[PDB]
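Student: After the structure tokens below, expect a handful of questions from me.
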Amino acid sequence: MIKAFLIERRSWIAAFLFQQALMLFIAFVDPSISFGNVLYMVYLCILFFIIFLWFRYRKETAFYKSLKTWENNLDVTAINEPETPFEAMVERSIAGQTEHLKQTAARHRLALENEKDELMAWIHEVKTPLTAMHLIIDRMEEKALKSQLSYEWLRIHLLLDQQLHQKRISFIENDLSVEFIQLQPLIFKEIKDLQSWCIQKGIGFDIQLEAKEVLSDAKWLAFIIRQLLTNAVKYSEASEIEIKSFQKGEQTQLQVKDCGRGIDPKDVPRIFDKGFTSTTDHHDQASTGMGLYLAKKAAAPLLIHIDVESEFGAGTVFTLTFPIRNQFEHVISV
Amino acid sequence: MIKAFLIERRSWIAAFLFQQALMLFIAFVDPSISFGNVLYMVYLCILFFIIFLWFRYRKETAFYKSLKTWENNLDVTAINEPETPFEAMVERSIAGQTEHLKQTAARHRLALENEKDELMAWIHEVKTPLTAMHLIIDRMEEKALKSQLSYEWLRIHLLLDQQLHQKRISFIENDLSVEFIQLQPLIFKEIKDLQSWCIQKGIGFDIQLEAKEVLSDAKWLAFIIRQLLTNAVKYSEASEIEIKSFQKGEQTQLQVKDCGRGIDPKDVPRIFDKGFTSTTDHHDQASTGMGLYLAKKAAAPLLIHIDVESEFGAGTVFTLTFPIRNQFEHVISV
Amino acid sequence: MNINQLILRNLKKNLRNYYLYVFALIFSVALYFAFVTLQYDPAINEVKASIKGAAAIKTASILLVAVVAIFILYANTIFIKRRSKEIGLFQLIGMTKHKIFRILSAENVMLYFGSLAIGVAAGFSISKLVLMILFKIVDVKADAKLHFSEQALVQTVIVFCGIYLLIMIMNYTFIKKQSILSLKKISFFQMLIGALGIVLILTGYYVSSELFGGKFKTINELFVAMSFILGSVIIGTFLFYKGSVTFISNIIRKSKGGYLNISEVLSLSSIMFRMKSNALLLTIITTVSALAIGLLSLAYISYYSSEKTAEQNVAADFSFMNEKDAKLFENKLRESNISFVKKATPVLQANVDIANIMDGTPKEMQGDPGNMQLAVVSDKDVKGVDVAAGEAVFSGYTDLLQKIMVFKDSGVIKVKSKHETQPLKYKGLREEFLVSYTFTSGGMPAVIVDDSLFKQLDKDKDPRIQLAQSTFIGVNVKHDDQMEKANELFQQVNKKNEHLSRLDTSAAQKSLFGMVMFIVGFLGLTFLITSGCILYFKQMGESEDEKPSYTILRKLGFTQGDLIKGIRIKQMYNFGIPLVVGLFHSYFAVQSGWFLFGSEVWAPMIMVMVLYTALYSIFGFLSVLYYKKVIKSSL
Amino acid sequence: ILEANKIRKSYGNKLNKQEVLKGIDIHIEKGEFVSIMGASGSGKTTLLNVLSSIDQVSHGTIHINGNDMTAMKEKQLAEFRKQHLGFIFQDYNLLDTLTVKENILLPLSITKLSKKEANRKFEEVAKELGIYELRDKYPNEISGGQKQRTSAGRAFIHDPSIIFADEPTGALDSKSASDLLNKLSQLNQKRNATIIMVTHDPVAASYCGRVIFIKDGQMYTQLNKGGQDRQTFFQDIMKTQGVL
Amino acid sequence: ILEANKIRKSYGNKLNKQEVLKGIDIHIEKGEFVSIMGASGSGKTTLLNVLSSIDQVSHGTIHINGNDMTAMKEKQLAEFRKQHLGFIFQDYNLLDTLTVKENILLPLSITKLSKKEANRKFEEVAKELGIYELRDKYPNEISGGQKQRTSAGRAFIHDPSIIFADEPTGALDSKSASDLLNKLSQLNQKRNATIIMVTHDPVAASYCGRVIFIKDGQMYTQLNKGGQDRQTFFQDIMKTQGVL
Ligand SMILES: CCCCCCCC/C=C\CCCCCCCC(=O)O[C@H](COC(=O)CCCCCCCCCCCCCCC)COP(=O)(O)OCCN
Ligand SMILES: CCCCCCCC/C=C\CCCCCCCC(=O)O[C@H](COC(=O)CCCCCCCCCCCCCCC)COP(=O)(O)OCCN
Ligand SMILES: CCCCCCCC/C=C\CCCCCCCC(=O)O
Ligand SMILES: CCCCCCCCCCCCCCCC(=O)O
């Protein structure tokens, strides 16, 4: 940094050294002034000037070293407090730029929130005509067309429910609630939601509830079971699903055994990945595939472990490993 | 700002003056050095120091002044080219910040169109089963149930097309074109689309067309036709809507007239506002109200003047003043 | 951790905080080197005067080392005391005392010896300038040379090594005895003691303003008066610091009610309470500064008037006692191409009485009022006045006499002849001398009598008190020209140094008083610097004791600008009081006895006081900066 | 008199952010004795700090006496803080080199109100808190109860808009606390001056009119008292606290 | 741990002799927070001197961890106190030239142990107390509360048994004092270590589990708490001090 200081003040260090040389020249030809008696003046002046530069360098090249050290990585307040006017001007420039950047970020966030709110308004505004649709529909007498319109209405309902689950999982973190739930009403509601579609696919239900109580949240687990059941049913055709739930030790375990095509053992660990589509059957393209990803990401707050034992050509055994009730003592109490 | 420069170098002028004082004292004490010559040299050196000081100030106080002009000015490139090593540091710091801000803005906007594209993909995915819903609806027999289902289909279908248009108006600027259009077949097809509406509500139509050709984009004025038709249809009941399209002057005017309730004169200027909804009747609350705002937004680039002449208790007359044909020569030439 | 880095960080912290200590060390070493070099310089033998020459430089050196030693010892006993917490902590952690001594004494032998090495190397550069400054004052024409004088190197190393040994001995005792591991309404007494200080200060001033007056007129009744004045003023100062500051400040405070600004709460909350704690320090500072200013002013006053007193002691440019010497000097001048205006005037010496004309007291006798010796001259010799019979006119001014001998208007003057006495009257007092001081005794003026009475006085010729030479042969010179050849002719005329010249009695006085003024000025500068540093080193502790007060005051909304604005006035009051009292002491010391020295005051004294104040205000200016640094970090 | 609109504040160390405000909005009219309480780990103290000007707000709007300070320069912000907004701290904050009169006349010295007016105003204030008998007493001679009344008398001397008390009755017995709150409430009654107070002693909060139960940055309703007996509201706040 | 029996401090300066200590018995056990508080002029600092071996003990039989302190020379007593006791001062003693980490680690840098376990101990203590983010700073850019917390942590790092402590709250405001007392009480539960505070304000001693009152010597009148709520107990402490 010595080079920078000796190059910045290039003219002031010569505006002085010109005068000693001028004196030592005027005191070489004029006979009234001596030489060995002006070398003394020169020597004393040089000593003072050298000491003055040494004491000036340290005080002057400090703010810029701080600026260089801060740069743009971190410690935005690392710059030293200004003392001289020019440093004050630089400091005002820096503060103005940072403030403007903060304003832009805040405005971007507000615009995004407004867009999300408008999307909320629209999705409610299109949910309500679906309720009107259901109430108008539930009046005919036919069977085949009734069932047809019924399950296409149901698939519209499930895709809309999926988008609603996405919007609510955007902020799920602030809606935790732990209490006892009854699995039988939830399973009955899920079956009722699939009554027409299960009848169309001709798949029965065999419910065996050895366990009684579970300790989790209602809606997210309900939708997880919903999508698992849909996947299991669309993996099967005219087959009976063995739904056995037993209290293995201190934890609740729900096993959904099916006799359908199942999942290939290579793809058994890869069912929860992003955007998985089955190319074996063209009817599997209707599946979004994001439901499994959101289910697995929403299972972490619920602490529910999903165990899958599927064989291709045999069926899929979807097993839910509910966490131990004692493990919730550190969560409910705290 | 001369005061600022002087307070900058208040430590070098003191050094120069101390040098002068010492050089005079040590000359006065000596008996070999003559006092008069040294006094004259000091007189002629203090005069040159003033000129040097003036030149240095004039050269020196420009870079900081320029950036101080920039600290709130609209332009950003007003800063001068740094020369000394104590200005390269400031230039480099400011360059780093002004690159980082632009990077942040680019990333935010990129995320924005990413989420918007995902929304559009989901929206089309929602669209397809509704085409399935139409095929099923067209495959019905009973008159009353089919009429009600077609009514509701039209409601949800116009809502979804409204959403389509209001998200396409976000990038309307990238989808501009000019084409020639036939109006009568499109009008007849749209009327046949709303057959269930008029069957249920008994709304008549009077057709009086004198102009047939217009000069604008197909899809955009086509959706303008749908939005105006739906507005008149939802704002009229059991009335013969007299559509009058005549070449009034050099501009085509789609003067639609209905015998319905009309719009209150106080709310006539506010129809084009964002989110405006009619409060006279409760049936208008179901309407989003975005249609008029988006129609106004998309009509200004196309130079279509929406002249509204609405009378409460009689009907609303919308005068769609098409742009002059000769005004499009500049657009076509460029 | 490792000891060494701890020592090094401590040394950097010390070097930053105490920079006035290092500056004072460098300055003192430089001055000692310069004086010892100048003592041995052979050109010091050109200074010709009554004083021995290079025997005054030795006295200056001896006096200088005492001030430097006292400053150093006191500074280090201030410094050690601010490390009691660290000593206690190191003793509590477990490490012994002979391990703390080697930490806190191995970072002073770096600072002290580095500054000593800088001082010798920067005292070689300034010696020629010091010598030339000396030669300019005493008016000698010689050559100054640059040489090292390796005696002064030895004589500085030995002295400062001795002082450092003393510092180490003084630190060991404090460390040893501090092993304990130990981590407001005014009374009646402080009212009487407060009034007695003001009463005892002014008694000295009043007794001083008389001195050489109508009383104390005895050789042995003077030392009592001087002792009384000095003792009174010193005791009055000491009791003025311990109680009269509290009294006045208490009155000022309890005459405002409770409505106080921030300037007054910052000032009067510390001037009342901590100024009294330092009363054996400000006393010394004030009295010694008074000595410095007063002595320098008197020495300077006795320097301008050298030319006037030389022109008065000898009336003519040369004064002669023998006819043959005068005639041979004139013969030498004859081929000197210089025309000399010779004049002669006989002098008759007698005794008179003017005890009536004295307006003072009979105690102002200075000899017998009726038998005091005077010199009588004729009227024809005087070319400026023409008196008549029965009238006497006094000649000359002699400013000393006007302040001791008081003269009234015309009265009766009796001439004590052998068998007669002609009465005369005093007409007026002249201002131009006519006779060299040898004839006219000490300072007695010369009378003017009519020539008619002179024809009887020269006939009488009372042969009782007549001088050896009743003649004033005195040779003049032509207009202002080259007089040095005439002077050297004069010194080669006389070999028994019994002839007086105007140019040589105006050089001895100049040389002597120039030497005294040189020495006194340098000692005054040294004392000024050391006192400023000591007074700076106590405001440090005073500031660090009010750190909590600043914090509390800053939660009530007061911003740093107001705090610093109050601190400015507080520092003004803290640093101005000793200076003002010292200036008053010096002014009343100079005005008492200036007429004994010269005939010019208020030209030198003003500039001396201005120089002192201007160089003293720097240390007051440099303390507001430390107060700012303390204020900022007490959020 | 006070208007706040969705004021944000997040406590972070530039790497981990710990949000503590979660959508607050408070409206205050002139001359109400409001009290804020609830929990221990919540942000009620941060709330009291952010309503004043001591803590800068992340995102929001503050309107005091119609004037706005969210976008306000630092120098003029300190100025506005100085000419309004009396404070009462937890600790005494008295100077021990000044008497009582000097202590509670010191801040008024900048405005330069001569002598007669300032002395009259001090008499008027200090006759009403019962400290006029201690005009010339140093702080270290009087009991700990009286020093808090001295601090309050200092805070009520220039007639500000809002008094931001921060738990005054924290280190007092029953008698001193009861006297201090009786005098404070009477002073509030006589002169129109709103007082905002954060307290943990329910008997202390009993004297108030409106109570805001801040619970983890949420309103959780707010009691309103009304024209009822002190003990009835005291038992009501007992049962409300027992609910928590 | 301390079973004091007839604790007397010798006096007899010049002619006047004051019986500040006339035989005091203290019975404590591990896992306590007993604190003694008296009045000005009772020589509480002299109680520290007699119990902490700051000065020479005169009378009284006290055993520390089952070991009597009256049966060794000065050096043995010094090593015992340096390896078995800990102290906290009213005015924090931090060297300005060092760092926070070096300040807390300095007492362990003389016995020459392995660096790894020392760093582990510092990490644990700093994480527990809450100054770990202030690991590479100097004591001249942190507030008084953080300095006093550092001084408190300095006495918890050399594995002591009894933490003697003067009033660690004289030079602190309300919030910092409350935080320090909270942290000390929290740390007392994690590891067994007896603290015997000697304070003057009842607020600090209201956090304790036993209080001992002395007015000129043998007076006892000790309180017990037991099952109070720290508020009723605080009022009881201060009223009993007032009546005495
Ligand atoms: C007879 C011969 C006469 C010769 C007299 C010449 C002696 C003067 C010379 C040198 C002084 C030696 C002691 C001062 C050097 C130590 C100062 C130092 O190094 O501290 C540094 C800063 O220095 C200072 O703070 C002091 C700045 C002024 C330098 C000293 C000024 C010398 C003269 C002032 C004394 C005035 C008295 C004169 C009265 C007649 C480090 O501080 P920092 O805060 O960490 O800032 C770092 C920058 N980022
Ligand atoms: C207690 C007061 C402290 C003040 C300390 C200031 C410096 C102390 C030094 C020397 C005292 C000088 C005596 C005061 C003024 C003397 C007046 C006088 O001598 O008259 C004339 C003045 O000329 C001089 O003697 C020069 C006096 C300059 C004194 C030196 C002042 C600066 C001393 C600092 C040098 C040492 C520090 C080195 C740091 C760079 C001489 O006769 P002339 O009328 O010019 O005719 C000659 C032929 N035409
Ligand atoms: C008695 C003479 C005193 C002057 C000594 C001259 C020798 C050079 C001394 C060092 C000058 C250092 C001053 C630099 C600090 C800042 C300068 C300023 O602010 O004016
Ligand atoms: C005869 C000339 C006297 C000159 C007096 C002024 C000397 C320079 C003063 C500036 C040096 C100290 C100022 C900065 C110190 C600091 O901020 O630490």
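Chains: A, B, ... in order of the structure tokens. Residues: from 1 per chain. Ligands: from 1, in order shown.
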Any chance you could tabulate, as JSON lines, the residues of chain E at most 9 Å from chain D with each one's nearest atom pair and distance in Å to one decimal, using only C-alpha atoms, in chain and rising number order?

Tutor:
{"residue": "E:173", "atom": "CA", "partner": "D:91", "partner_atom": "CA", "distance": 6.6}
{"residue": "E:174", "atom": "CA", "partner": "D:91", "partner_atom": "CA", "distance": 6.3}
{"residue": "E:175", "atom": "CA", "partner": "D:90", "partner_atom": "CA", "distance": 8.5}
{"residue": "E:202", "atom": "CA", "partner": "D:171", "partner_atom": "CA", "distance": 8.5}
{"residue": "E:203", "atom": "CA", "partner": "D:171", "partner_atom": "CA", "distance": 7.0}
{"residue": "E:235", "atom": "CA", "partner": "D:173", "partner_atom": "CA", "distance": 6.3}
{"residue": "E:238", "atom": "CA", "partner": "D:173", "partner_atom": "CA", "distance": 7.6}
{"residue": "E:239", "atom": "CA", "partner": "D:173", "partner_atom": "CA", "distance": 7.6}

Student: Which residues form the shell of 7 Å around ligand 2 when you count only C-alpha atoms and all ligand atoms, given as number ranges by chain?

Tutor: B: 29; C: 126, 130, 133, 136-137, 139, 292-293, 296, 514, 517-518, 521-522, 524-525, 608, 611-612

Student: Hey, which residues come within 10 Å of ligand 4 if we count only C-alpha atoms and all ligand atoms? Could you give them as a list in words?

Tutor: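 Protein and nucleic-acid residues within 10 Å of ligand 4: residues 55 and 59 of chain A; 11, 14 and 18 of chain B; 16, 17, 18, 19, 20, 614, 615, 617, 618, 619, 621, 622, 623, 624, 625, 626, 628 and 629 of chain C.
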
Student: So that I can see what lies close to residue 20 of chain B, please list as JSON, numbers by chain the residues with an atom at most 12 Å from it, counting only C-alpha atoms and leaving out residues fewer than 6 positions away in the same chain.

Tutor: {"A": [16, 19, 20, 23, 41, 42, 45], "B": [13, 14, 26, 27, 38, 39, 40, 41, 42, 43, 44, 45, 46, 49]}

Student: Would you mind listing what lies within 8 Å of residue 342 of chain C as a VMD selection string, with only C-alpha atoms counted and same-chain residues fewer than 6 positions away left out?

Tutor: chain C and resid 473 to 476

Student: Could you pull the residues within 12 Å of residue 147 of chain E, counting only C-alpha atoms, minus those fewer than 6 positions along the same chain, as JSON, numbers by chain?

Tutor: {"E": [88, 89, 90, 91, 92, 93, 94, 95, 96, 99, 100, 101, 103, 104, 131, 134, 137, 138, 139, 140, 141, 153, 154, 168, 171, 172, 176, 180]}

Student: Selected residues, N, CA and C atoms, written as a CSV table (one decimal), in the first residue's frame, please.

Tutor:
chain,number,residue,atom,x,y,z
E,88,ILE,N,-16.1,-14.7,41.7
E,88,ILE,CA,-16.7,-13.7,40.7
E,88,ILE,C,-16.7,-12.4,41.5
E,89,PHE,N,-16.2,-11.3,40.8
E,89,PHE,CA,-16.1,-10.0,41.5
E,89,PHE,C,-17.2,-9.1,41.0
E,90,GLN,N,-17.4,-8.1,41.8
E,90,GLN,CA,-18.4,-7.1,41.5
E,90,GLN,C,-18.0,-6.3,40.2
E,91,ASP,N,-16.8,-6.0,40.1
E,91,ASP,CA,-16.2,-5.3,38.9
E,91,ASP,C,-15.4,-6.3,38.2
E,92,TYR,N,-15.9,-6.7,37.0
E,92,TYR,CA,-15.3,-7.6,36.1
E,92,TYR,C,-13.8,-7.2,35.8
E,93,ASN,N,-12.9,-8.2,35.8
E,93,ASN,CA,-11.5,-8.0,35.6
E,93,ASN,C,-11.2,-8.7,34.3
E,94,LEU,N,-11.2,-8.0,33.2
E,94,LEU,CA,-10.8,-8.5,31.9
E,94,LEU,C,-9.7,-7.7,31.3
E,95,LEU,N,-8.6,-8.4,30.9
E,95,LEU,CA,-7.5,-7.7,30.3
E,95,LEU,C,-7.9,-7.2,28.9
E,96,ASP,N,-7.7,-5.9,28.6
E,96,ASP,CA,-8.2,-5.4,27.3
E,96,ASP,C,-7.4,-5.9,26.1
E,99,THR,N,-8.4,-11.7,24.0
E,99,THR,CA,-9.6,-12.0,23.4
E,99,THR,C,-10.5,-12.7,24.5
E,100,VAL,N,-11.8,-12.8,24.1
E,100,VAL,CA,-12.8,-13.4,25.0
E,100,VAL,C,-12.4,-14.9,25.3
E,101,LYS,N,-12.1,-15.6,24.2
E,101,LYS,CA,-11.7,-17.0,24.4
E,101,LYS,C,-10.4,-17.1,25.2
E,103,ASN,N,-9.3,-14.9,27.4
E,103,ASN,CA,-9.6,-14.6,28.8
E,103,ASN,C,-10.2,-15.8,29.5
E,104,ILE,N,-11.1,-16.5,28.9
E,104,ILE,CA,-11.7,-17.6,29.6
E,104,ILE,C,-10.8,-18.7,29.8
E,131,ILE,N,-22.3,-17.0,24.9
E,131,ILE,CA,-21.4,-16.0,24.3
E,131,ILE,C,-20.6,-16.5,23.2
E,134,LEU,N,-19.5,-14.6,20.3
E,134,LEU,CA,-18.5,-13.6,20.7
E,134,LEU,C,-17.2,-14.3,21.1
E,137,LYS,N,-13.5,-11.8,19.7
E,137,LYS,CA,-13.7,-10.3,19.8
E,137,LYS,C,-12.9,-9.9,21.0
E,138,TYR,N,-12.7,-8.6,21.1
E,138,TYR,CA,-12.0,-8.0,22.3
E,138,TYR,C,-13.0,-7.4,23.3
E,139,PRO,N,-12.7,-7.3,24.5
E,139,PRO,CA,-13.6,-6.9,25.5
E,139,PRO,C,-14.0,-5.4,25.5
E,140,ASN,N,-13.5,-4.7,24.4
E,140,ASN,CA,-13.8,-3.3,24.3
E,140,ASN,C,-14.9,-3.0,23.2
E,141,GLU,N,-15.5,-4.0,22.7
E,141,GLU,CA,-16.7,-3.8,21.8
E,141,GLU,C,-17.9,-4.7,22.1
E,153,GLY,N,-18.1,-17.0,33.5
E,153,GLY,CA,-17.6,-18.2,32.9
E,153,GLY,C,-16.1,-18.5,33.1
E,154,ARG,N,-15.4,-17.5,33.5
E,154,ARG,CA,-14.0,-17.7,33.8
E,154,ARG,C,-13.8,-18.6,35.1
E,168,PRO,N,-22.6,-9.9,42.0
E,168,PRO,CA,-22.3,-9.7,40.5
E,168,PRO,C,-23.4,-8.9,39.9
E,171,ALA,N,-22.9,-3.1,39.3
E,171,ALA,CA,-22.6,-2.3,38.1
E,171,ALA,C,-23.4,-2.6,36.9
E,172,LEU,N,-24.5,-3.3,37.0
E,172,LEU,CA,-25.3,-3.8,35.9
E,172,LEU,C,-26.7,-3.2,36.0
E,176,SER,N,-29.7,-7.0,32.4
E,176,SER,CA,-28.5,-7.8,32.4
E,176,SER,C,-28.3,-8.5,33.7
E,180,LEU,N,-28.1,-12.6,34.0
E,180,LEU,CA,-27.0,-13.3,34.7
E,180,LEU,C,-27.4,-14.2,35.8

Student: Mind checking DSSP for segment 223-368 of chain C and telling me the helix (DSSP H, G or I) residues as a ChimeraX atom specification?

Tutor: /C:223-253,262-274,282-304,306-313,323-334,355-357

Student: How close is chain D to chain E in C-alpha RMSD after a least-squares fit, all Cα atoms in order?

Tutor: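 Computed value for the CA RMSD is 1.2 Å.
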
Student: At a cut-off of 9 Å, using only C-alpha atoms, what residues contact segment 71-76 of chain A? Leave out same-chain residues fewer than 3 positions from it and give the result as a ChimeraX atom specification.

Tutor: /A:66-68,79 /B:92-93,96-97,100 /D:14

Student: I'd like to know which residues of segment 3-227 of chain D are strand (DSSP E or B) (by DSSP, run on the backbone); could you write them as a PyMOL selection string?

Tutor: chain D and resi 3-4+10-12+17-19+27-28+33-37+62-64+67-68+86-88+162-166+194-198+210-213+222-223

Student: Find the spatial neighbours of residue 240 of chain E, counting only C-alpha atoms, within a cut-off of 10 Å - ignore same-chain residues fewer than 6 positions away - and output them as a PyMOL selection string.

Tutor: chain E and resi 213+221-223+234

Student: Using only C-alpha atoms and all ligand atoms, which of C:526, C:250, C:506, C:269 sits nearest ligand 3?

Tutor: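 With only C-alpha atoms and all ligand atoms as the atom set, the closest residue is C:526.
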
Student: With only C-alpha atoms and all ligand atoms as the basis for distance, which of C:124, C:79, C:454, C:550 is at the shortest distance from ligand 1?

Tutor: C:124

Student: Please determine the contact residues of chain C with respect to chain D at a cut-off of 7 Å, counting only C-alpha atoms, and supply them as a list in words.

Tutor: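 Contact residues on the first chain: residues 258, 259, 260, 261, 269, 552 and 557 of chain C.
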
Student: Using N, CA, C and O atoms, can you export the residues from the last selection as a tab-separated table (two decimals), in the first residue's frame?

Tutor:
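The result, written out as again-v3.tsv:
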chain	number	residue	atom	x	y	z
C	258	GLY	N	-31.76	25.33	41.05
C	258	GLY	CA	-31.47	24.00	40.55
C	258	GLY	C	-31.38	23.97	39.04
C	258	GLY	O	-31.04	22.94	38.45
C	259	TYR	N	-31.68	25.09	38.40
C	259	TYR	CA	-31.74	25.19	36.95
C	259	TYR	C	-30.33	25.21	36.38
C	259	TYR	O	-29.70	26.26	36.25
C	260	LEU	N	-29.82	24.04	36.02
C	260	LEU	CA	-28.46	23.88	35.52
C	260	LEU	C	-28.48	23.41	34.08
C	260	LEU	O	-29.32	22.61	33.69
C	261	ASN	N	-27.53	23.92	33.28
C	261	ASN	CA	-27.34	23.45	31.92
C	261	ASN	C	-26.55	22.14	31.95
C	261	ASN	O	-26.39	21.51	33.00
C	269	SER	N	-19.48	19.73	38.79
C	269	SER	CA	-19.52	18.44	39.45
C	269	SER	C	-18.15	17.78	39.53
C	269	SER	O	-18.04	16.67	40.06
C	552	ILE	N	-25.25	7.12	31.49
C	552	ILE	CA	-26.58	7.53	32.04
C	552	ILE	C	-27.08	8.74	31.27
C	552	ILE	O	-28.25	8.72	30.83
C	557	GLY	N	-31.43	11.19	25.99
C	557	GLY	CA	-31.54	11.79	24.69
C	557	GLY	C	-30.37	12.66	24.28
C	557	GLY	O	-30.28	13.04	23.11

Student: Calculate how many Å separate atom CA of residue 246 of chain C from atom CA of residue 575 of chain C, rounding to one decimal.

Tutor: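 Spanning atom CA of residue 246 of chain C to atom CA of residue 575 of chain C is a straight-line distance of 16.8 Å.
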
Student: With distances taken over only C-alpha atoms and all ligand atoms, which residue among A:53, A:15, A:320, A:33 lies nearest ligand 3?

Tutor: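 Of all the options, A:53 lies closest to ligand 3.
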
Student: If we count only C-alpha atoms, which residues of chain C reach to within 10 Å of chain B? Please list them as a count of residues only.

Tutor: 11

Student: Counting only C-alpha atoms, a student should be able to say which residues of chain D come within 12 Å of chain A; what is the right answer, written as a CSV table (one decimal) with N, CA, C and O atoms, in the first residue's frame?

Tutor:
chain,number,residue,atom,x,y,z
D,8,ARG,N,-43.0,-5.0,11.0
D,8,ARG,CA,-42.2,-6.2,11.0
D,8,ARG,C,-40.9,-6.0,11.7
D,8,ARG,O,-40.3,-4.9,11.8
D,13,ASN,N,-28.8,-12.8,13.1
D,13,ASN,CA,-27.3,-12.6,13.1
D,13,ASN,C,-26.7,-12.7,11.7
D,13,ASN,O,-25.6,-13.2,11.6
D,14,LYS,N,-27.5,-12.3,10.7
D,14,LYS,CA,-27.1,-12.3,9.3
D,14,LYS,C,-26.9,-13.7,8.7
D,14,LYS,O,-26.7,-13.9,7.5
D,15,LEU,N,-27.1,-14.8,9.5
D,15,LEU,CA,-27.0,-16.2,9.0
D,15,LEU,C,-28.3,-17.0,9.4
D,15,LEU,O,-28.7,-17.8,8.6
D,22,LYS,N,-45.5,-11.4,14.4
D,22,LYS,CA,-46.2,-12.2,13.5
D,22,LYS,C,-47.6,-11.6,13.1
D,22,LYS,O,-48.6,-12.2,13.3
D,58,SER,N,-38.6,-3.3,10.6
D,58,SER,CA,-38.3,-3.9,9.3
D,58,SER,C,-39.2,-3.4,8.2
D,58,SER,O,-38.8,-2.8,7.2
D,59,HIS,N,-40.5,-3.7,8.4
D,59,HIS,CA,-41.5,-3.3,7.4
D,59,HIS,C,-42.8,-2.9,8.2
D,59,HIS,O,-43.3,-3.7,8.9
D,60,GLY,N,-43.3,-1.7,8.0
D,60,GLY,CA,-44.5,-1.3,8.7
D,60,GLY,C,-44.7,0.3,8.6
D,60,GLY,O,-43.9,0.9,7.8
D,71,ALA,N,-40.2,6.4,7.7
D,71,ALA,CA,-39.2,7.0,6.8
D,71,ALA,C,-38.9,8.4,7.3
D,71,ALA,O,-39.4,9.4,6.9

Student: Quick one: of B:306, B:263, B:290, B:169, who's nearest to chain A, counting only C-alpha atoms?

Tutor: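 Comparing B:306, B:263, B:290, B:169 against chain A, the winner is B:290.
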
Student: What is the atom CA of residue 215 of chain A-atom CA of residue 179 of chain A distance in Å, reported with one decimal?

Tutor: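 If I compute the distance from atom CA of residue 215 of chain A to atom CA of residue 179 of chain A, I get 5.6 Å.
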